[PDB]
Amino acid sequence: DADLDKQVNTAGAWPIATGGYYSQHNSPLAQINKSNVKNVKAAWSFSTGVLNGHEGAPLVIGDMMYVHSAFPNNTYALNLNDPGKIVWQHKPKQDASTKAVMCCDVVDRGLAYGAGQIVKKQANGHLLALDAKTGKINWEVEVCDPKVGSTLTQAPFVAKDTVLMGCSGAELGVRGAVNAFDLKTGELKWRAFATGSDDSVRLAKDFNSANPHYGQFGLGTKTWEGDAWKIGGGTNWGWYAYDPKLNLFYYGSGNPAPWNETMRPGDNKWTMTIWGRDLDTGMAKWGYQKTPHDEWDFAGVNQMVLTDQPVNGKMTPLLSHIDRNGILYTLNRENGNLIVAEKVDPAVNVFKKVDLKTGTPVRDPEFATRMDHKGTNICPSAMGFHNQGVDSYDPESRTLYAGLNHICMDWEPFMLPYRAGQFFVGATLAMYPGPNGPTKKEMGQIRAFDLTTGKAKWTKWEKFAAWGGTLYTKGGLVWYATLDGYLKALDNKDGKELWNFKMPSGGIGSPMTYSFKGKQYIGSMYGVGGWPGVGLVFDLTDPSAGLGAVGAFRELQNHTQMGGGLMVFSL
């Protein structure tokens, strides 16, 4: 709304989790730069009093900061003039059983803001709007039902008078949908499902008119056998982007359910799809399915980054996105035209390549998955070569700094029944480091990319996956947190590490920045968890446990322990 716009246009404020409507996750604040970053020190810190993974990052509205925890999803409001005083706090009362249907740790990716309200959700499915100054609950509505395996983890997204919110639960057969609510009253405006009838999916009359070969009408059911689409997944629990001029919001729908591909023949549209939908009606102008008939859990929910750059010398309105499947996509955000589809790392082998003309992955049967067969050395693994991390874009050098994962896998599915409220995975995996790390053990990378060509500029390897993402600040710095507990700052020119601080626990969110009384501050959550930390968090030791993540990250607990809080830095 107008109020959110006011904050977005306030220098040093941070009212949106992804850094702005285009989700470039960057900042013009340049007080901290390459020459003085070595002098950055901790300013203050704040514990949430909660353990488990602490994803996302705090919001800063005016002189107030809002911090959020993992389940039970607590909110803490602080006035920057005195970080020692909790102005107001909201501590939800939720059934412990809520945690039992959360696939990948009891994480929360953050708060949103609009119309003078902090927009927050709870894992148990509630969405609330609280007065930003007093914490008073203006409205509280139900969005997801944990009894059928549906929960809330992603950050809400505010645009105009609308709050976009999507449920999680594809691992439990939840049929995905982006739900839209009135920012002032919490009333349901509409919801656009990821599978089913065109009416339920909300497709515009000219859906994909610019690219009919992507598929248009009737595919939400025709690319499934029978009613399998009813428990077909496609949940969107990642991030959104919005272009005010086009009045289009963008996001990616998740993986189809179950993981057992043999149980769901068909392209399974419209799961794993990049969308361009009208904000007012939710009607899709265009939709591109990145991974037809998923066989690897490449949940297509990753960040959408909108930029305006010259493509072969021609200024073009773009949307860029690095999918779990290891492909960096750049499309024209107005019509959905496919411009770039390149592998973020040569290890990607599920596809020989993505054909720009047919618009689909040229699949390599050797790395497919199927019943009564154990696929081996498949890259990327289900954790993807990119997950929930929020990356940053430098508008000057026109570079995206991507936090990647370098993890591959073995995979064999198996038959299982669907029972609402119970998990519906159907596959056993083994995950391990990809083949290209310097010592073949590295599972993380910070890799800079030109989004118009998909070509890398440089790479910095990390022992563990770069799960949280990166933040770019005009001083020429790439900030990011590591699973082993460090907040780091790199020279955006070559990836050279210029500064670091050992936080209490690994970070799984992306850094944010803001200004207060003439000083630039960098904030990062800490508290390891999420999918990578399930072994440590839930005391698991079986290598195949945690959907196969336990074995891959068995060494993480030798570098970090759980935590929950925020650390702020400045000069």
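Start at 1 with the first residue shown and count on from there. Take the two forms, find the largest set of C-alpha atoms that superpose within 1.5 Å, and that set is the rigid core.
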*in 4 other deposited structures of this protein, superposed on the rigid core, which stretch sits farther off in Cα RMS terms, 91-99 or 307-315?*
307-315
_Higher-B stretch (mean Cα B-factor, as the entry records it), 516-524 or 529-537_ = 516-524
*Would 204-212 or 270-278 have the larger average of its C-alpha temperature factors, as given in the entry?*
204-212
*In the PDB entry, which of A77, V101, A465, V158 has its C-alpha at the highest B-factor?*
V101
_Residue with highest C-alpha B-factor in the PDB entry, from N138, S392, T262, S168_ = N138
*Chain-relative CA temperature factor third for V550*: highest
*Within this chain's modelled residues, let me know which third the CA B factor of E295 belongs to: lowest, middle or highest.*
lowest
*What third of the chain, by the recorded C-alpha B-factor, contains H386?*
lowest
_Can you tell me whether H54 has a C-alpha B-factor in the lowest, middle or highest third compared with the other modelled residues of the same chain?_
lowest
*Compare the C-alpha B factor of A2 with those of the other modelled residues in its chain, then answer lowest, middle or highest third.*
highest
